[PDB]
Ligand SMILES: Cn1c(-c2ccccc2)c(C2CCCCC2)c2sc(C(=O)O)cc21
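Listed next as structure tokens is one chain, alone, in the form solved without this ligand.
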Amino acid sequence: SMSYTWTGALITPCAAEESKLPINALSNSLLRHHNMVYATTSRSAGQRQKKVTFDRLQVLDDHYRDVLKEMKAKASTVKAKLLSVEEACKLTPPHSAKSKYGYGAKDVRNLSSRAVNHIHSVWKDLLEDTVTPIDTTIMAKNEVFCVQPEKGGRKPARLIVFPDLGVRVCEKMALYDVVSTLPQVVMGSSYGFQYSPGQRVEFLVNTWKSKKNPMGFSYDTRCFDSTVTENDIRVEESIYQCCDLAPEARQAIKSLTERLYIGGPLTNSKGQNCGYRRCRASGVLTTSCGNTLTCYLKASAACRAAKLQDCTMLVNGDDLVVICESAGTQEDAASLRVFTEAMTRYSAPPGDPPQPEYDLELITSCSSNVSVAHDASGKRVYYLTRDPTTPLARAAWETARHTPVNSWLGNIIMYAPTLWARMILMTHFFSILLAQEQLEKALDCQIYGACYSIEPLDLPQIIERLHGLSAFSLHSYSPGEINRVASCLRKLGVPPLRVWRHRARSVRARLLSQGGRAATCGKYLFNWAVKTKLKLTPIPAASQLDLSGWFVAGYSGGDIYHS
């Protein structure tokens, strides 16, 4: 059927949308080529609409059914529980979209009677009615990127489809526990969101080393959300229902699937009807879990079709990477063509053709790749990294304009061991925090789609617990990694190592002179910038964080917040 049908009504904005990086003394010290940085707006929504709108064709086969049966078996061992209205309310992000029924996120988190009355009513209606399509709002995402000359053009805004706040809270009550525990049980080691960056690296390196002639490849589905059929979404629901659930959770899940996950009318911000969706809703609680289950299922069936030898997968939503035994270059190319044909029949056709890689550092999955460096002792240390272009463009934008979510903070946490996060992100942002005397100010940032409120002063313990003390001492980065970063710096017009080290030494001196937590930041985060290094012993505050739950499941588009 058609993934979308349109009435002609436009996907409209709610407020002014900036498309170009504003000229600003602070972002300019980060990078000078501001014209290279842009933010998508609803102006390009039509472009994205044309691309995501197409007819799906899907044929299933024994390999698909066998894998599905095995997935259901694993699911049958999971017991999940309903979330109380209060537990659900606590997960709502402080600035989540407000309801159209006279109440917003502040109200829900406060448990105002009006918010709760409405939550009860929606829940009650989900139980009584399992058929009326639930309304959804469609908006054009406003994300920042850097121009890609090699691509020929810029990216259009991605689209986000989500239900009313009241429905979102009910989604948490019925499915939060399921989407939190089911995926790892059904997909085992292949479930990507269970790993911290360090653990992902460990899994990837051990897997690669376990093959005799290792070959790896990532599979890019053209518009995965749009390729998800009603069949896929119903198959997902049957896997959820395999869990031991409370009668009410079962009905609510059946209802959300029929009335919302399967499809529904699209309404723009002007209140007009834009059309109808028959594919995955990008902004619901089950988007991450569903996407990973479906990608996993089709890919596993596809590995069998292509007869890949001793393959191992790693899936994160629509992101997929397979590592297997190589059978030769011509044979590997052939194997990948069959694999792609299988995925296409399953309604998961490719964007870029998959291509065989024989070097682990060159395989990019989840926009990342493993790389190597050496800690203080000189020993080799594998770590996760990525091309720093989008992180830096976004850091520039967030410096010039106030952002709800601070991707720069999330990036420092996830890519703490990288030379670019240390040289540029830490130095640039601590300088500004020093300037504004905002080191204590908690900021929102996201990790695996969930929102976290984190205090910059706690970065040393977070990074130590997350990456270990080595993150504060890596040096001798790979020539490839260094080339990639230098290339990016000249493309965006970012200052060089000499300038950043000089800046870091100033920032470090100020931090140290302030004492307290600030001093520890100057000491650990900027030890690289001084000739006479201090010695980084284990920070005692590390052992006490509650860093669990951080790498348990994905929640992109799921409206999740964590205290």
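Start at 1 and count along the sequence shown; that's the residue number.
The same protein also exists as the form solved in complex with this ligand; that form is not shown, yet it is the one meant from here on.
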May I ask you to decide between open and blocked for this site, after superimposing the site C-alphas so that this ligand adopts its pose in the entry with it bound, counting ligand atoms within 2.4 Å of backbone or C-beta atoms with 3 as the threshold? blocked
Given the stretches 270-278, 417-425, 68-76, 167-175, which is the single one in contact with this ligand in the entry with it bound, using a heavy atom cutoff of 4.5 Å? 417-425
Here the chain is shown alone; which of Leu182, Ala348, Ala393, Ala302 has a heavy atom within 4.5 Å of this ligand in the entry with it bound? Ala393
Using heavy atoms only and a 4.5 Å cut-off, determine which of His63, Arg517, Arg503, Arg56 is in contact with this ligand in the entry with it bound. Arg503
Using the partner position in the entry with it bound, report whether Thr399 sits within 4.5 Å of this ligand, counting heavy atoms only. yes
Tell me, yes or no, whether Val37 is in contact with this ligand in the entry with it bound, where a contact means a heavy atom of each within 4.5 Å. yes
Test of understanding: in the entry with it bound, would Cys243 fall inside 4.5 Å of this ligand by heavy atoms? no
Classify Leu511 as contacting or not contacting this ligand in the entry with it bound by the rule of any non-hydrogen atom within 4.5 angstroms, answering yes or no. no
Any residue of 493-510 with a heavy atom within 4.5 Å of this ligand in the entry with it bound counts; write them all down in order. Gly493, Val494, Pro495, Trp500, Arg503
